[PDB]
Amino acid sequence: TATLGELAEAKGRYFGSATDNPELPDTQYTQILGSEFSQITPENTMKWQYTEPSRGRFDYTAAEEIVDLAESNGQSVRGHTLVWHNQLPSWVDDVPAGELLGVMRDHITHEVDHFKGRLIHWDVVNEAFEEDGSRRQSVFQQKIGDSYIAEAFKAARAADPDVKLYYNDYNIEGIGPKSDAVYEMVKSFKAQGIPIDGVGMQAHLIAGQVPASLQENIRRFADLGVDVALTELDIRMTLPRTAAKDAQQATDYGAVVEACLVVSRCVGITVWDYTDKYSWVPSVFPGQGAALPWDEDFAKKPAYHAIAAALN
């Protein structure tokens, strides 16, 4: 009957999926992508390695294809991601330290300006913290210093006054050292007038290990004056699949969805793609996989039932 996107929208939220250009030829895949979800996130082609492959020369070719596709289906789009230590073209490291801030600002200005009025959110800075809450020592942190994050958000806001600006990261679903650091940063930004509208919890989880403090963590951020979104949701398991593992995964998805629906400022959920067929998990986590609601043959898993039930 009703799709996840329609059920979510009925409750003032979106339910989307990320997708990548190489997947679009798969007709069965795109059919579900366009009808089941209300929001889309470019999995890769909006990243620095693609949009500014050589200094000062921008390329939005691939990203454009995804945005148009979403627009064709009446789906909103989240920009992802402007500043990140990964998938960064090699020339960025060669930029003289004293010039990096200008370069980062420029990269942000061109990409944000280019998609102005077409996206709902922008993951401005991605994965800036270590698990212990300290700053990740990326090229930006090292050469620009602690203010690089704030400067990135300022630059984004200056290029597009209406798009929601998000700080995105993983392992910040539960209350702990990492989410605490993000919490303090957001608190600091609001105090100093640094633009920031939301926190993106990637939610790359492990079946059976969903943080019990998830709901409370989402709420404390909401109380700070920012929205929250689960941006790259997947719940991986150690292969092979079993009815028991599938069932645990279903319970987990249901719990995650309920946690969001309980908090007024949790605006939506995006799964990092929706079918195991194209999940990034097997590639990065050896021996793990089957992390999405649809399996490799597009069969809806028990996890889908749980999500739909939670959305009601």
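So that there is no doubt, residue numbering starts at 1 and follows the sequence shown.
*Asks:* May I ask you to compare 257-265 and 270-278 by their mean CA B factor in the entry and name the higher one?
*Replies:* Averaging CA B-factors over each stretch, the winner is 257-265.
*Asks:* Between 186-194 and 113-121, which has the higher average C-alpha B-factor in the PDB entry?
*Replies:* Per the deposited B-factors, the answer is 186-194.
*Asks:* Based on the PDB record, which member of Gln249, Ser283, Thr41, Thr51 exhibits the highest Cα temperature factor?
*Replies:* Comparing C-alpha B-factors across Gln249, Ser283, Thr41, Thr51, the maximum falls on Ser283.
*Asks:* Based on the PDB record, which member of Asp106, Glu71, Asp169, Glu232 exhibits the highest Cα temperature factor?
*Replies:* Spelled out: the listed residue with the top C-alpha B-factor is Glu71.
*Asks:* Sorting the chain's CA B-factors, does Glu216 end up in the lowest, middle or highest third?
*Replies:* According to the entry, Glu216 has a C-alpha B-factor in the chain's middle third.
*Asks:* For the chain shown, is the CA B-factor of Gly98 in the lowest, middle or highest third of its modelled residues?
*Replies:* As the PDB entry reports it, the C-alpha B-factor of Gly98 lands in the middle third of its chain.
*Asks:* Against its chain's modelled residues, does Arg135's Cα B factor rank lowest, middle or highest third?
*Replies:* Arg135: CA B-factor falls in the highest third of its chain.
*Asks:* Can you tell me whether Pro293 has a C-alpha B-factor in the lowest, middle or highest third compared with the other modelled residues of the same chain?
*Replies:* Bottom third by C-alpha B-factor.
*Asks:* Going by the recorded CA B-factors, say which third of the chain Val83 sits in, lowest, middle or highest.
*Replies:* Tercile = lowest for this residue's CA B-factor.
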